[PDB]
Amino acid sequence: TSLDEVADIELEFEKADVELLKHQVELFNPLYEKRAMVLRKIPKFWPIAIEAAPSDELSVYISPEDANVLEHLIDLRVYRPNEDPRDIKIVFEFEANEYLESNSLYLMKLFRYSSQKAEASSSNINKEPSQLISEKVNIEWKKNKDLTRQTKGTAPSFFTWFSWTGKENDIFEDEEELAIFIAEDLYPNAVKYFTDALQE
């Protein structure tokens, strides 16, 4: 009987959580926009910030030649553009380079919050979250230069992340955690990581 009540109260919490996120989005959207314009003026800001971010959340998924592509990353943006603020849109923008084709210099991936999937899950949302789905983002690599190719001897690539959908039965992955890390840690804290790299 008290479990009933507890259940109802928890629904308001969930409701309040989404409202808070909505306010966050409205509040920080102009700031991120302002910050974006300055950061674009700072050469190699993003590859530096990525490298300085916690190893076990990011760099561990990044190979030397992955880093070579990422050295040409001139912009990183994260948006919460939809009615559900839990949807996250991540944008990578590269300058022309030896690895990517010009048609693939602007890479956008959308992660949608999936109520059905989130309810279905039993795992701790901070440990192994199971809530997001996405569509494949195609990348065309220049000849000889495809880092995501599935052949023997080829280093595992950061860039396979872009093909992730979250639609399989797979509680054993890191792609959703990476998305959340980029959205909720790397992007907001990017200047702090960059600043740390600079001190030595």
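Residues carry their position along the shown sequence, with the first being 1.
**Q** If you average the CA temperature factors as listed in the entry, which stretch comes out higher, 42-50 or 148-156?
**A** That would be 148-156.
**Q** For the stretches 72-80 and 97-105, which has the higher mean C-alpha B-factor as given in the deposited record?
**A** Per the deposited B-factors, the answer is 97-105.
**Q** Tell me, please, which of 141, 32, 172, 161 has the highest C-alpha B factor according to the deposited entry?
**A** Highest C-alpha B-factor among the listed residues goes to 141.
**Q** Is the Cα B-factor recorded for residue 37 in the lowest, middle or highest third of its chain?
**A** For residue 37, whose C-alpha B-factor we compare with every modelled residue in the chain, the answer is the highest third.
**Q** Among the chain's modelled residues, which third holds the C-alpha B-factor of residue 20?
**A** As the PDB entry reports it, the C-alpha B-factor of residue 20 lands in the middle third of its chain.
**Q** Going by what the PDB entry lists, where does residue 135 fall on CA B-factor within its chain: lowest, middle or highest third?
**A** Its C-alpha B-factor belongs to the lowest third of this chain's values.
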